[PDB]
Amino acid sequence: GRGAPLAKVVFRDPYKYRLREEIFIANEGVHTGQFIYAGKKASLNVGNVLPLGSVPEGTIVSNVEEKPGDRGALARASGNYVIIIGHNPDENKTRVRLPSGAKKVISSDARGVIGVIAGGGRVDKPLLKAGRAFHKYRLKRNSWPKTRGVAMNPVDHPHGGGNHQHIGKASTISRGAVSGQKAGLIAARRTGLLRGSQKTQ
Amino acid sequence: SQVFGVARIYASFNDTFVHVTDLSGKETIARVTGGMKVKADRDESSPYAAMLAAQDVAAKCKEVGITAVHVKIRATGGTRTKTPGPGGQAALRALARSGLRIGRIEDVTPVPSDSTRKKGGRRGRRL
Amino acid sequence: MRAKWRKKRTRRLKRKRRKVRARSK
Amino acid sequence: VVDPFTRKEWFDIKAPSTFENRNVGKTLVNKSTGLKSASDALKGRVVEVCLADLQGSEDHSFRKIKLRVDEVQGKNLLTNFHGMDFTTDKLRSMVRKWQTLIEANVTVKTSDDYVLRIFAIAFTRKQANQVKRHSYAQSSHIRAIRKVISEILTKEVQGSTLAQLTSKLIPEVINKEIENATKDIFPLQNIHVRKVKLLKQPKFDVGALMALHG
Amino acid sequence: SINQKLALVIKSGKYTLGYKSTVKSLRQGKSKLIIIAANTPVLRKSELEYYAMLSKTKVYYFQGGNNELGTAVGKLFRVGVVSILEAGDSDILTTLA
Amino acid sequence: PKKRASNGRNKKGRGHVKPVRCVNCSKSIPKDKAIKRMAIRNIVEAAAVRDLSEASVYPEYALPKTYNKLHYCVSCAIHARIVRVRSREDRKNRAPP
Amino acid sequence: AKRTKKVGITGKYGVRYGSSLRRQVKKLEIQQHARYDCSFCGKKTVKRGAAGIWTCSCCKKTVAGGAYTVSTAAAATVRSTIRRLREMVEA
RNA sequence: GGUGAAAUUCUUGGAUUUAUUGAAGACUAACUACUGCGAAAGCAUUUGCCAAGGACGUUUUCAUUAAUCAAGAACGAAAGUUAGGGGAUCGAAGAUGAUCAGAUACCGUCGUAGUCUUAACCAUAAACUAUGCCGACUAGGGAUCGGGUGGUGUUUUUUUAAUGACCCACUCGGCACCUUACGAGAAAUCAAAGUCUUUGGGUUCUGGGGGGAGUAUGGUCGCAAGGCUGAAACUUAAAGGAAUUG
Ligand SMILES: [Mg+2]
Ligand SMILES: [Mg+2]
Ligand SMILES: [Mg+2]
Ligand SMILES: [Mg+2]
Ligand SMILES: [Mg+2]
Ligand SMILES: [Mg+2]
Ligand SMILES: [Mg+2]
Ligand SMILES: [Mg+2]
Ligand SMILES: [Mg+2]
Ligand SMILES: [Mg+2]
Ligand SMILES: [Mg+2]
Ligand SMILES: [Mg+2]
Ligand SMILES: [Mg+2]
Ligand SMILES: [Mg+2]
Ligand SMILES: [Mg+2]
Ligand SMILES: [Mg+2]
Ligand SMILES: [Mg+2]
Ligand SMILES: [Mg+2]
Ligand SMILES: [Mg+2]
Ligand SMILES: [Mg+2]
Ligand SMILES: [Mg+2]
Ligand SMILES: [Mg+2]
Ligand SMILES: [Mg+2]
Ligand SMILES: [Zn+2]
Ligand SMILES: [Zn+2]
């Protein structure tokens, strides 16, 4: 139920004689046998893990931390990555752009892994039949298929009932709504078909 | 003898700028435009106004400190009409005659290695 | 009429007959 | 009821070494207050005086010079090198029809690791007796001259800093060596270094700066 | 070129192709050059290199892959190493390489 | 019929030359058919030259022109600038003044 | 002896789902089943097995890849971009 | 700000202007020309790489291997279509400001698709020189582009050369211009559109009064838009071309 493959990477325990194996999301191009380096003072190659402070701008990294140590939070879905778009060294913040478009700033100590996450392209190919979605959500969570609330009776849902199917009122629901009410377009600040280049500036 | 500011006279059509700055540029001093010293829109570039504005500007230049100044006259340009406007002439004219000093003046009309498609489309602004 | 606006006249004209015939294939 | 004229702290601009008048100009600031000070915020601006105005002689009216403010010490702010340009009028005059143009450039690092790009311009010339009304080099000609200009420009930079390069460009020696190696290929006229830009400086280092001063 | 050189060697000299049989050649100190394909794994690379230094034999690090090495010696298969046994008229042994 | 050997204007061994934009209406028009004119004129003007040198520093200074190539579109070239319209013979004549 | 005219592998779906989708699947499907050149051992023996996973028959290395193709447009451009940036920090 | 003049529009959010950096994508100004190259579309920053090519030189090689071509095929501006990416600019659509009797426009603002690129399509332009290709012959001139041969030419100085650039005569092969008329033509004009009632070097292709109409129909190609092939009935005395006078 994950898009991108994992990568099992074993390390020596600096303190005990033993191998300690970690689980990574595999960046594209990484491979069995490959040597992976992790540390401030380490080298800028696909597969390694370096603190956003130590890589030049335009570096491309995956599985990055929001706070240093949290062992990776941003950009883990197949195909996603982040780009360092600036640094402010007196404060050691570093500024990234996340897959969404949003640009956060985080500790230059927050770590990331050089590259992009693998199995990208996954969503370009049609699911084609209900069975393929079926097995898709089967290994995720019981969220499929989805009855339209407008096919329900009133007991069931804001949209239920009436002698033809129809929402009956604006399906744009305030943030200040209350559970039992938030179905539809929640807190929608605009609505309708999007025309013209999206792309945040 | 003097103290050296920078003139920078932007003379496009429908308006003329004059405003002196510190030789470095970061710090300005005084401005005023043709649209400032007459009222009728149509007459916002014309010399007789570019005078009356280059007049006010000559004042402040001395009513603060700057004795002298080299000019860098400029037109619209970019992907546009590269020619000096009507009232940059009147400016230069009526600012050497005012009471300041001139010396070493060039043109900073932006002229690209050409590109960025001109406005008006293939058939031009036709009428 | 301009030659080409007439070329465009009968382009349309054909699309319509092209349609109306399909109606009955 | 203010008029920022009653307030603006004032200042005078000095130039650096290899020139005529180190005294250059004056400037406006804004009183050095605790928090937001006349100091650190600006100063480091840059000024564009013609080096003829900066070297006396007038065989120099073109060739623009950019002086950036690097340091400051009470009513005295020194300036150093930041680049050179050309007067737009001189340029649009060397470029006459009926003759082949040639331009050439290279990015490069001096000693004091200031990195920069210098440009070169040159045009063909007719020679005294040339009947044909235009004179054009022959492309294979152009690549040659360009190459050499590049071999000659790369040498001169990475002599000790712009400091010597500054010293180098002002007498425009580079121009003649160009013409020197060149006339083995094809005539030519004008031949200048035209433009030079600055794009990478090393660390501040109050030392080397305060060696062009005293 | 270098291929051009190698070309000469093929159509006039003596050689051998492949990992086992250039070691026969290194052990018998019969090799004059061994040429090493880019993507040949380091272990093999490192091993030949050791073999070669013990036998005082220079080693060319052919910067193409073993697919194209095989084509450089004009075979429709692929070689990870070549051993020059004699350079027929080719100067590879005493040119740049 | 055909009313010019140059057809529009002056391309005989090509096929295509890039267009340029009219310095007036911004109309596109091939660079060869284009109608051009160097606009070299001082930075000053008529009487401004006298009240220049006076209030300037330096002796005499220099005086520079502006230099900007002008491209019209025929219609614009005709409507105002160089054009008149020439007789059937006076047409042929390409000598400028 | 040309068996189909344009469905190809996509003939398994017969008439269903609409040409336009059958088309798009057929693309990524071809991608997704092909034998690829192995960077490492030079034989063409890389086949898929679950999205992102590209492992070499003989020779036995596995590589993270795209979901239906070994190397992804971006993956590659990223590769070169890092390489560029890497080399910027030792010169 | 924008204009013939305005207005819609932007302005405590310091607009416009200035100044120091930075980003993105387009484009290649000036030099650019009666100048180059390509089968045609078309091609203008540097550098490396990659294979290609005409002209020229040639006391080299082969020896009729060639000319031109239904079918068939390669490329094919712009827009347009499919799937990514890109999306600075300009900007079909649309919405607006104005003008107007009206104004679905022209002018002004916003600006979707587009514009760029990859992988596939489409196959059309006044895709023009409105002018098939190969061969022969017929007439004057000065320029120029590329190659070449000649010269006790000019300039570069060093010590004189070597060179390089320039000069002059010739020669092939280019893009073109000029003057002619042997000649041609309905003329305009044309060194081919000439060497034709004194009508034959070879070869391909198209037209046969105007509309109807590139319409209908079939076939075929295309995702589509559309491409190619392509009639009739019926109507009609003209339509048309060059030149002249008004
Ligand atoms: Mg369920
Ligand atoms: Mg449902
Ligand atoms: Mg649903
Ligand atoms: Mg029900
Ligand atoms: Mg309810
Ligand atoms: Mg409700
Ligand atoms: Mg309901
Ligand atoms: Mg409904
Ligand atoms: Mg008009
Ligand atoms: Mg029906
Ligand atoms: Mg007529
Ligand atoms: Mg007419
Ligand atoms: Mg054409
Ligand atoms: Mg250019
Ligand atoms: Mg047939
Ligand atoms: Mg756009
Ligand atoms: Mg409209
Ligand atoms: Mg209206
Ligand atoms: Mg409309
Ligand atoms: Mg056609
Ligand atoms: Mg034409
Ligand atoms: Mg002749
Ligand atoms: Mg009919
Ligand atoms: Zn025009
Ligand atoms: Zn393998």
# chains A, B, ... in the order shown; residues from 1 in each chain; ligands from 1
$ residues_near_ligand --ligand "ligand 23" --cutoff "12 Å" --atoms "only C-alpha atoms (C1' of nucleotides) and all ligand atoms" --output "ChimeraX atom specification"
/H:211-216,231-235
$ residues_around --residues "segment 87-92 of chain D" --least-positions-apart "2" --cutoff "9 Å" --atoms "only C-alpha atoms (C1' of nucleotides)" --output "list in words"
residues 106, 107 and 108 of chain B; 50, 61, 62, 63, 64, 85, 94, 95, 96 and 194 of chain D; 64, 65, 66, 67 and 68 of chain F; 30 of chain H
$ select_by_dssp --residues "chain B" --states "strand (DSSP E)" --output "number ranges by chain"
B: 4-6, 11-12, 15-16, 20-22, 28-29, 68-70, 72-73, 106-107
$ select_by_dssp --residues "segment 15-51 of chain F" --states "helix (DSSP H, G or I)" --output "MDAnalysis selection string"
chainID F and resid 47:51
$ residues_around --residues "segment 97-105 of chain B" --least-positions-apart "5" --cutoff "8 Å" --atoms "only C-alpha atoms (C1' of nucleotides)" --output "PyMOL selection string"
(chain B and resi 55+58+62+67-73) or (chain D and resi 50) or (chain F and resi 51-52+55-58+61)
$ write_last_selection --atoms "C-alpha atoms" --output "PDB file, in the first residue's frame"
ATOM      1  CA  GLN B  55      11.982  74.514 -12.977  1.00  0.00           C
ATOM      2  CA  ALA B  58      16.187  72.911 -10.270  1.00  0.00           C
ATOM      3  CA  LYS B  62      19.946  73.958  -4.672  1.00  0.00           C
ATOM      4  CA  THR B  67      25.378  72.334  -7.067  1.00  0.00           C
ATOM      5  CA  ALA B  68      26.018  70.077 -10.064  1.00  0.00           C
ATOM      6  CA  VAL B  69      24.958  66.983 -11.891  1.00  0.00           C
ATOM      7  CA  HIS B  70      25.565  64.882 -15.036  1.00  0.00           C
ATOM      8  CA  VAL B  71      22.482  63.706 -16.961  1.00  0.00           C
ATOM      9  CA  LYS B  72      21.439  60.271 -18.175  1.00  0.00           C
ATOM     10  CA  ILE B  73      18.415  60.956 -20.391  1.00  0.00           C
TER      11      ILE B  73
ATOM     12  CA  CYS D  50      33.567  58.354 -16.149  1.00  0.00           C
TER      13      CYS D  50
ATOM     14  CA  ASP F  51      23.199  77.216 -23.167  1.00  0.00           C
ATOM     15  CA  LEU F  52      24.957  73.878 -22.789  1.00  0.00           C
ATOM     16  CA  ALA F  55      26.580  76.138 -17.804  1.00  0.00           C
ATOM     17  CA  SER F  56      28.731  73.015 -18.156  1.00  0.00           C
ATOM     18  CA  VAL F  57      32.037  72.181 -16.550  1.00  0.00           C
ATOM     19  CA  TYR F  58      34.960  71.090 -18.777  1.00  0.00           C
ATOM     20  CA  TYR F  61      33.280  68.733 -23.419  1.00  0.00           C
TER      21      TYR F  61
END
$ residues_near_ligand --ligand "ligand 3" --cutoff "8 Å" --atoms "only C-alpha atoms (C1' of nucleotides) and all ligand atoms" --output "list in words"
residues 145, 146, 147 and 148 of chain A
$ residues_near_ligand --ligand "ligand 5" --cutoff "6 Å" --atoms "only C-alpha atoms (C1' of nucleotides) and all ligand atoms" --output "PDB file with N, CA, C and O atoms, in the first residue's frame"
ATOM      1  N   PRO A 154     -32.166  11.518   4.039  1.00  0.00           N
ATOM      2  CA  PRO A 154     -31.840  12.566   4.987  1.00  0.00           C
ATOM      3  C   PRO A 154     -31.174  12.116   6.278  1.00  0.00           C
ATOM      4  O   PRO A 154     -30.253  12.830   6.741  1.00  0.00           O
ATOM      5  N   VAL A 155     -31.630  11.014   6.878  1.00  0.00           N
ATOM      6  CA  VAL A 155     -31.020  10.524   8.114  1.00  0.00           C
ATOM      7  C   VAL A 155     -29.540  10.446   7.983  1.00  0.00           C
ATOM      8  O   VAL A 155     -28.808  10.704   8.912  1.00  0.00           O
ATOM      9  N   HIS A 157     -27.267  11.973   5.742  1.00  0.00           N
ATOM     10  CA  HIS A 157     -26.359  12.920   5.132  1.00  0.00           C
ATOM     11  C   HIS A 157     -27.034  14.172   4.707  1.00  0.00           C
ATOM     12  O   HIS A 157     -28.074  14.112   4.076  1.00  0.00           O
ATOM     13  N   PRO A 158     -26.402  15.317   4.985  1.00  0.00           N
ATOM     14  CA  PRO A 158     -26.824  16.632   4.511  1.00  0.00           C
ATOM     15  C   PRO A 158     -27.387  16.580   3.110  1.00  0.00           C
ATOM     16  O   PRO A 158     -28.370  17.198   2.869  1.00  0.00           O
TER      17      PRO A 158
END
$ residues_around --residues "residue 55 of chain E" --least-positions-apart "3" --cutoff "12 Å" --atoms "only C-alpha atoms (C1' of nucleotides)" --output "VMD selection string"
chain E and resid 23 to 34 48 to 52 58 to 59
$ residues_near_ligand --ligand "ligand 16" --cutoff "12 Å" --atoms "only C-alpha atoms (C1' of nucleotides) and all ligand atoms" --output "PDB file with N, CA and C atoms (P, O5', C5', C4', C3', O3' and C1' of nucleotides), in the first residue's frame"
ATOM      1  N   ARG A 195      -9.235  27.730 -14.684  1.00  0.00           N
ATOM      2  CA  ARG A 195      -8.642  27.980 -16.005  1.00  0.00           C
ATOM      3  C   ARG A 195      -7.298  28.726 -15.960  1.00  0.00           C
ATOM      4  N   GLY A 196      -6.334  28.324 -16.772  1.00  0.00           N
ATOM      5  CA  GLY A 196      -5.117  29.106 -16.861  1.00  0.00           C
ATOM      6  C   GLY A 196      -4.081  28.543 -15.954  1.00  0.00           C
ATOM      7  N   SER A 197      -2.818  28.806 -16.268  1.00  0.00           N
ATOM      8  CA  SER A 197      -1.719  28.235 -15.509  1.00  0.00           C
ATOM      9  C   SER A 197      -1.907  28.420 -14.043  1.00  0.00           C
ATOM     10  N   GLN A 198      -2.012  27.299 -13.341  1.00  0.00           N
ATOM     11  CA  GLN A 198      -1.878  27.291 -11.899  1.00  0.00           C
ATOM     12  C   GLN A 198      -0.445  27.735 -11.572  1.00  0.00           C
ATOM     13  N   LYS A 199       0.327  26.907 -10.881  1.00  0.00           N
ATOM     14  CA  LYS A 199       1.709  27.288 -10.557  1.00  0.00           C
ATOM     15  C   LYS A 199       1.775  28.575  -9.722  1.00  0.00           C
TER      16      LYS A 199
ATOM     17  P     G H  25      13.273  28.133 -16.948  1.00  0.00           P
ATOM     18  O5'   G H  25      12.589  28.757 -18.223  1.00  0.00           O
ATOM     19  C5'   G H  25      11.329  28.303 -18.684  1.00  0.00           C
ATOM     20  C4'   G H  25      10.761  29.303 -19.645  1.00  0.00           C
ATOM     21  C3'   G H  25      11.528  29.470 -20.943  1.00  0.00           C
ATOM     22  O3'   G H  25      11.092  28.558 -21.913  1.00  0.00           O
ATOM     23  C1'   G H  25      11.154  31.577 -19.986  1.00  0.00           C
ATOM     24  P     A H  26      11.836  28.434 -23.316  1.00  0.00           P
ATOM     25  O5'   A H  26      11.738  29.863 -24.004  1.00  0.00           O
ATOM     26  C5'   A H  26      10.812  30.117 -25.042  1.00  0.00           C
ATOM     27  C4'   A H  26      10.728  31.585 -25.390  1.00  0.00           C
ATOM     28  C3'   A H  26      11.678  32.102 -26.445  1.00  0.00           C
ATOM     29  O3'   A H  26      11.273  31.744 -27.743  1.00  0.00           O
ATOM     30  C1'   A H  26      11.503  33.666 -24.703  1.00  0.00           C
ATOM     31  P     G H  86       6.793  22.153 -15.189  1.00  0.00           P
ATOM     32  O5'   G H  86       7.123  23.157 -16.400  1.00  0.00           O
ATOM     33  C5'   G H  86       8.453  23.588 -16.698  1.00  0.00           C
ATOM     34  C4'   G H  86       8.493  24.618 -17.811  1.00  0.00           C
ATOM     35  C3'   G H  86       7.745  25.909 -17.540  1.00  0.00           C
ATOM     36  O3'   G H  86       8.510  26.832 -16.796  1.00  0.00           O
ATOM     37  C1'   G H  86       7.087  25.082 -19.645  1.00  0.00           C
ATOM     38  P     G H  87       7.803  27.933 -15.880  1.00  0.00           P
ATOM     39  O5'   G H  87       6.692  28.580 -16.816  1.00  0.00           O
ATOM     40  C5'   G H  87       6.951  29.713 -17.640  1.00  0.00           C
ATOM     41  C4'   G H  87       5.795  29.971 -18.578  1.00  0.00           C
ATOM     42  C3'   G H  87       4.572  30.649 -17.974  1.00  0.00           C
ATOM     43  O3'   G H  87       4.641  32.048 -18.079  1.00  0.00           O
ATOM     44  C1'   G H  87       3.911  28.715 -19.157  1.00  0.00           C
ATOM     45  P     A H  88       4.878  32.975 -16.797  1.00  0.00           P
ATOM     46  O5'   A H  88       5.897  34.073 -17.346  1.00  0.00           O
ATOM     47  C5'   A H  88       6.361  35.130 -16.529  1.00  0.00           C
ATOM     48  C4'   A H  88       7.356  35.985 -17.269  1.00  0.00           C
ATOM     49  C3'   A H  88       6.802  36.788 -18.433  1.00  0.00           C
ATOM     50  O3'   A H  88       6.194  38.002 -18.039  1.00  0.00           O
ATOM     51  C1'   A H  88       8.713  35.636 -19.149  1.00  0.00           C
ATOM     52  P     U H  89       4.722  38.347 -18.556  1.00  0.00           P
ATOM     53  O5'   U H  89       4.902  38.679 -20.100  1.00  0.00           O
ATOM     54  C5'   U H  89       5.751  39.722 -20.545  1.00  0.00           C
ATOM     55  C4'   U H  89       6.157  39.501 -21.981  1.00  0.00           C
ATOM     56  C3'   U H  89       5.055  39.645 -23.022  1.00  0.00           C
ATOM     57  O3'   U H  89       4.866  40.996 -23.422  1.00  0.00           O
ATOM     58  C1'   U H  89       6.229  37.631 -23.380  1.00  0.00           C
ATOM     59  P     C H  90       3.523  41.793 -23.071  1.00  0.00           P
ATOM     60  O5'   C H  90       2.688  41.716 -24.424  1.00  0.00           O
ATOM     61  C5'   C H  90       3.263  42.034 -25.686  1.00  0.00           C
ATOM     62  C4'   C H  90       2.979  40.970 -26.727  1.00  0.00           C
ATOM     63  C3'   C H  90       1.519  40.661 -27.032  1.00  0.00           C
ATOM     64  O3'   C H  90       0.924  41.571 -27.947  1.00  0.00           O
ATOM     65  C1'   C H  90       2.710  38.638 -26.717  1.00  0.00           C
ATOM     66  P     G H  91      -0.590  42.072 -27.723  1.00  0.00           P
ATOM     67  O5'   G H  91      -1.407  40.704 -27.694  1.00  0.00           O
ATOM     68  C5'   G H  91      -1.907  40.111 -28.883  1.00  0.00           C
ATOM     69  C4'   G H  91      -2.181  38.640 -28.699  1.00  0.00           C
ATOM     70  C3'   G H  91      -3.554  38.257 -28.171  1.00  0.00           C
ATOM     71  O3'   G H  91      -4.549  38.223 -29.186  1.00  0.00           O
ATOM     72  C1'   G H  91      -1.878  37.061 -27.000  1.00  0.00           C
ATOM     73  P     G H 111      -3.840  40.152 -16.676  1.00  0.00           P
ATOM     74  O5'   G H 111      -4.318  38.842 -17.431  1.00  0.00           O
ATOM     75  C5'   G H 111      -5.386  38.083 -16.891  1.00  0.00           C
ATOM     76  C4'   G H 111      -6.177  37.386 -17.961  1.00  0.00           C
ATOM     77  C3'   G H 111      -5.398  36.400 -18.817  1.00  0.00           C
ATOM     78  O3'   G H 111      -5.326  35.133 -18.182  1.00  0.00           O
ATOM     79  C1'   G H 111      -6.697  37.833 -20.189  1.00  0.00           C
ATOM     80  P     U H 112      -4.395  33.960 -18.737  1.00  0.00           P
ATOM     81  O5'   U H 112      -5.459  32.990 -19.399  1.00  0.00           O
ATOM     82  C5'   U H 112      -6.416  32.333 -18.584  1.00  0.00           C
ATOM     83  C4'   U H 112      -7.241  31.356 -19.373  1.00  0.00           C
ATOM     84  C3'   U H 112      -6.493  30.472 -20.360  1.00  0.00           C
ATOM     85  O3'   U H 112      -5.929  29.327 -19.769  1.00  0.00           O
ATOM     86  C1'   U H 112      -8.321  31.446 -21.434  1.00  0.00           C
ATOM     87  P     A H 113      -4.502  28.779 -20.242  1.00  0.00           P
ATOM     88  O5'   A H 113      -4.726  28.384 -21.758  1.00  0.00           O
ATOM     89  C5'   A H 113      -5.302  27.129 -22.059  1.00  0.00           C
ATOM     90  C4'   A H 113      -5.672  27.018 -23.506  1.00  0.00           C
ATOM     91  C3'   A H 113      -4.519  26.907 -24.453  1.00  0.00           C
ATOM     92  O3'   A H 113      -4.033  25.597 -24.504  1.00  0.00           O
ATOM     93  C1'   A H 113      -6.057  28.463 -25.281  1.00  0.00           C
ATOM     94  P     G H 114      -2.460  25.347 -24.499  1.00  0.00           P
ATOM     95  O5'   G H 114      -1.950  26.282 -25.667  1.00  0.00           O
ATOM     96  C5'   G H 114      -2.292  25.997 -27.010  1.00  0.00           C
ATOM     97  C4'   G H 114      -2.024  27.172 -27.907  1.00  0.00           C
ATOM     98  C3'   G H 114      -0.569  27.515 -28.127  1.00  0.00           C
ATOM     99  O3'   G H 114       0.043  26.660 -29.071  1.00  0.00           O
ATOM    100  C1'   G H 114      -1.789  29.480 -27.698  1.00  0.00           C
ATOM    101  P     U H 115       1.562  26.192 -28.883  1.00  0.00           P
ATOM    102  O5'   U H 115       2.387  27.554 -28.929  1.00  0.00           O
ATOM    103  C5'   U H 115       2.545  28.275 -30.141  1.00  0.00           C
ATOM    104  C4'   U H 115       3.091  29.654 -29.887  1.00  0.00           C
ATOM    105  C3'   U H 115       4.505  29.741 -29.319  1.00  0.00           C
ATOM    106  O3'   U H 115       5.500  29.760 -30.321  1.00  0.00           O
ATOM    107  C1'   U H 115       3.041  31.130 -28.082  1.00  0.00           C
ATOM    108  P     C H 116       6.193  28.418 -30.846  1.00  0.00           P
ATOM    109  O5'   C H 116       7.305  28.053 -29.765  1.00  0.00           O
ATOM    110  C5'   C H 116       8.210  29.004 -29.239  1.00  0.00           C
ATOM    111  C4'   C H 116       8.979  28.426 -28.079  1.00  0.00           C
ATOM    112  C3'   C H 116       9.334  26.945 -28.178  1.00  0.00           C
ATOM    113  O3'   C H 116      10.500  26.669 -28.928  1.00  0.00           O
ATOM    114  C1'   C H 116       8.406  27.377 -26.059  1.00  0.00           C
TER     115        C H 116
END
$ residues_near_ligand --ligand "ligand 8" --cutoff "9 Å" --atoms "only C-alpha atoms (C1' of nucleotides) and all ligand atoms" --output "ChimeraX atom specification"
/A:150,164-167
$ interface_residues --of "chain C" --to "chain H" --cutoff "10 Å" --atoms "only C-alpha atoms (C1' of nucleotides)" --output "PyMOL selection string"
chain C and resi 7+10-11+14
$ residues_near_ligand --ligand "ligand 1" --cutoff "7 Å" --atoms "only C-alpha atoms (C1' of nucleotides) and all ligand atoms" --output "PyMOL selection string"
chain A and resi 142-145
$ write_last_selection --atoms "N, CA, C and O atoms" --output "PDB file, in the first residue's frame"
ATOM      1  N   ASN A 142     -10.349   0.930   4.519  1.00  0.00           N
ATOM      2  CA  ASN A 142     -11.673   0.743   3.971  1.00  0.00           C
ATOM      3  C   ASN A 142     -12.399   2.079   3.667  1.00  0.00           C
ATOM      4  O   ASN A 142     -13.262   2.528   4.389  1.00  0.00           O
ATOM      5  N   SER A 143     -12.024   2.660   2.533  1.00  0.00           N
ATOM      6  CA  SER A 143     -12.467   3.948   2.023  1.00  0.00           C
ATOM      7  C   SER A 143     -13.083   3.854   0.632  1.00  0.00           C
ATOM      8  O   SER A 143     -13.436   4.853   0.057  1.00  0.00           O
ATOM      9  N   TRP A 144     -13.223   2.669   0.090  1.00  0.00           N
ATOM     10  CA  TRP A 144     -13.666   2.514  -1.273  1.00  0.00           C
ATOM     11  C   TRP A 144     -14.690   1.401  -1.288  1.00  0.00           C
ATOM     12  O   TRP A 144     -14.520   0.441  -0.558  1.00  0.00           O
ATOM     13  N   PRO A 145     -15.758   1.505  -2.093  1.00  0.00           N
ATOM     14  CA  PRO A 145     -16.153   2.583  -2.971  1.00  0.00           C
ATOM     15  C   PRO A 145     -16.930   3.631  -2.179  1.00  0.00           C
ATOM     16  O   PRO A 145     -17.052   3.494  -0.970  1.00  0.00           O
TER      17      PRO A 145
END
$ residues_near_ligand --ligand "ligand 12" --cutoff "12 Å" --atoms "only C-alpha atoms (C1' of nucleotides) and all ligand atoms" --output "JSON, numbers by chain"
{"F": [1, 2, 3, 4]}
$ residues_near_ligand --ligand "ligand 24" --cutoff "9 Å" --atoms "only C-alpha atoms (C1' of nucleotides) and all ligand atoms" --output "PyMOL selection string"
(chain B and resi 123-126) or (chain F and resi 21-29+71-77+79)
$ residues_around --residues "residue 14 of chain B" --least-positions-apart "5" --cutoff "10 Å" --atoms "only C-alpha atoms (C1' of nucleotides)" --output "list in words"
residues 34, 35, 41, 42, 43, 44, 45, 46, 85, 86 and 87 of chain B; 1, 2 and 3 of chain H
$ residues_around --residues "residue 16 of chain F" --least-positions-apart "4" --cutoff "10 Å" --atoms "only C-alpha atoms (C1' of nucleotides)" --output "PyMOL selection string"
(chain F and resi 11+30-32) or (chain H and resi 41-43+77)
$ residues_near_ligand --ligand "ligand 4" --cutoff "9 Å" --atoms "only C-alpha atoms (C1' of nucleotides) and all ligand atoms" --output "PyMOL selection string"
chain A and resi 150-153+160-161+165
$ residues_around --residues "segment 6-23 of chain A" --least-positions-apart "4" --cutoff "12 Å" --atoms "only C-alpha atoms (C1' of nucleotides)" --output "PyMOL selection string"
(chain A and resi 1-2+27-38+47-48+63+71-72+76-78+117-119) or (chain G and resi 50-53+62-65)
$ residues_near_ligand --ligand "ligand 25" --cutoff "10 Å" --atoms "only C-alpha atoms (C1' of nucleotides) and all ligand atoms" --output "ChimeraX atom specification"
/G:36-46,55-62
$ write_last_selection --atoms "C-alpha atoms" --output "compact mmCIF listing (two decimals), in the first residue's frame"
# COMPACT_ATOMS: atom_id res chain seq x y z
CA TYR G 36 16.28 -2.85 -20.12
CA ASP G 37 19.98 -2.40 -20.35
CA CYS G 38 21.82 -3.04 -17.08
CA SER G 39 24.20 -0.15 -16.35
CA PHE G 40 26.33 -2.43 -14.25
CA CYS G 41 26.91 -5.66 -16.26
CA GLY G 42 26.03 -4.43 -19.76
CA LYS G 43 23.53 -7.22 -20.59
CA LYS G 44 19.91 -6.21 -21.30
CA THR G 45 18.23 -8.01 -18.46
CA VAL G 46 16.49 -5.48 -16.25
CA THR G 55 16.17 -5.79 -11.01
CA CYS G 56 18.74 -7.44 -13.35
CA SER G 57 18.29 -11.16 -14.29
CA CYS G 58 21.75 -12.50 -14.61
CA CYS G 59 24.08 -10.27 -12.46
CA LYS G 60 21.33 -9.64 -9.78
CA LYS G 61 21.40 -5.92 -8.98
CA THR G 62 18.15 -4.09 -8.22
